[PDB]
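Below you will find one chain, with nothing else, as C-alpha cells; this is the form deposited in one PDB entry, and questions on how it binds or moves follow later.
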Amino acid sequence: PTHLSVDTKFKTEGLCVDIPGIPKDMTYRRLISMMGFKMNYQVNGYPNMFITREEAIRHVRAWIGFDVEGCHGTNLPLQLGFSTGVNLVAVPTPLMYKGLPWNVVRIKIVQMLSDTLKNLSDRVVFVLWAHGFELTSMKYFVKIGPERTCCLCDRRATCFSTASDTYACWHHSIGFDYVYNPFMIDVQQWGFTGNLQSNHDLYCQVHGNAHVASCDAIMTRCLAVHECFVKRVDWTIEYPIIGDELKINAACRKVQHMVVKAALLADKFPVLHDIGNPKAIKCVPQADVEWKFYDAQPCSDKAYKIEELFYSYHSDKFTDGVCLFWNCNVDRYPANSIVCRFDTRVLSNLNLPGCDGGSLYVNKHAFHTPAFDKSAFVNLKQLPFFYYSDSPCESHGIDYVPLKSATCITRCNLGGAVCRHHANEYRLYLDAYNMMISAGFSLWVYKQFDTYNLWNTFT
C-alpha cells in the first residue's frame, strides 16, 4: 500500500465529452498508455504517473493546478492554464499569451515550474479536474522513464533537455525543454456530484470564474486544498525543512516568553487565560499569576467565534486578568488580550495559497489558516518592538559597537549606558523578532500596554 496501483480503476465519465466513446472500464495502466506514454515494465522508482490522495497530501508543496481548454485536439489550438495564473496558447502547426507552437511552449512550461517550485519541492504534482484535453496534451511537454539525478547536483531530476540529452532538477534546468517524471492526481476521482465551479463555490468566494484555463486550474487546486486540509486535518504528517523553519519556531518561543513576561510585570494581572494548544506549557513558568488553560485546536476553516469559545457556562470570568491567544484565531478578540495572529497574505516559501482567502502554512506540519481580517483586532493595538531584561549585567565568554536604544529596557540603560551582555542579547532578540514578523506573524496587545511601566521593575 505504498503507491497507487496502475491496475486501479479510473472513472472515465468526466472524460467522455472531449473523448467520446471512452470505455467505462479503464485502469491507470490503460489510461497512461492512451496518453501516449510507455511504462515498459520498469521497476525504477516511477511506478505510476498518478498518485494516491495520501501521497498528494505529503507533497502539497508540489501542487500545481493544471487545466486545458480547447480554444477551437490535433487540429485546434489549446489554452493551457496553471494555478500560477499563467495561460499559454499552443498551436499544432490571468496572464494571457498568444498562440505559439509546442516546441516553444514546453520551454516556457519548464521555466515556469522551475521558478515556482525550486524552493518548495523536489517534484511537481499536476492537480486536475480531468475532462480529456489536459491528459492528451501531456505528451507534448512531458517525458517519463527511470528515476534520475540532476547532472549538476544530487537532487532528483524533474526536467530533461533534448538539446544536451541531460537531466536537471528545478535549480539547474535553464534552457531545458521537457518536464521529466511529473506526478498527477485527478480530483474528479474523489467522488463529486456536479461540475468544478459548483463544488468549488460551495467553499470559496475569493476565486472567480473568468472562463479561462488558469481560473479552472486555480479552482481545482483550491478545491483539492479544501478537501485535504480544511475539512480533513492531519497533524501527524511531517514535512521537510526547506527554509528558516527552526529559526522561526525558536523566535516565536522567545517572543512569546518576552511579551507575556512584560505584560505580567507592567500590569500585574492576577489571572491569565491561555486559550489554544491543548498541549501548551506556561511560557513564563516563574510568573506569580494564576495560569488557566483552555483547549482549542487550530481552526482551519473559519476563525472561532469568541461567543462559542467563552460562553455557554474555567474561571468563567475571562474579563478578569488577561487572555493570551497565541495563534488561536478568533473573529474578534476581547480588549484584555495578548495576541499572535498569522497574516495569511504573507509571501514566503512556507505559505502556500489557500481556500476562501486563507492560506496553507507549512512548517513541520500543514496548517490551513483562515483569512487575516483586520477587524478581529479593533479592541487592541499593534504591539511595538521592545526588549526587556532583569538578568544581571555580566558578559561571560562576536565583537562590539556600543548600543544606544530607547527600547532596550534594562537596568544598564536605566542607569545610563547599555552593558555588552544586554547589547548582545538585545541584538539577538531583535533578529528573532524580525524573523518572526517577516515569516507573517503579527502581534497585538491591550490598549493600556505601556513599556514605561517596566522601568520601575528595577528598584
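Each residue number is its position in the shown sequence, starting from 1.
Omitted from view is the form solved in complex with a small molecule, to which the following refers.
- At least one heavy atom of residue 79 is located within 4.5 Å of the small molecule in the deposited complex.
- Within this chain, residue 228 is remote from the site of the small molecule in the deposited complex, having no heavy atom within 4.5 Å.
- Although the partner is absent here, residue 211 sits close enough that one of its heavy atoms falls within 4.5 Å of the small molecule in the deposited complex.
- Among residues of the shown chain, residue 71 is one whose heavy atoms approach the small molecule to within 4.5 Å in the deposited complex.
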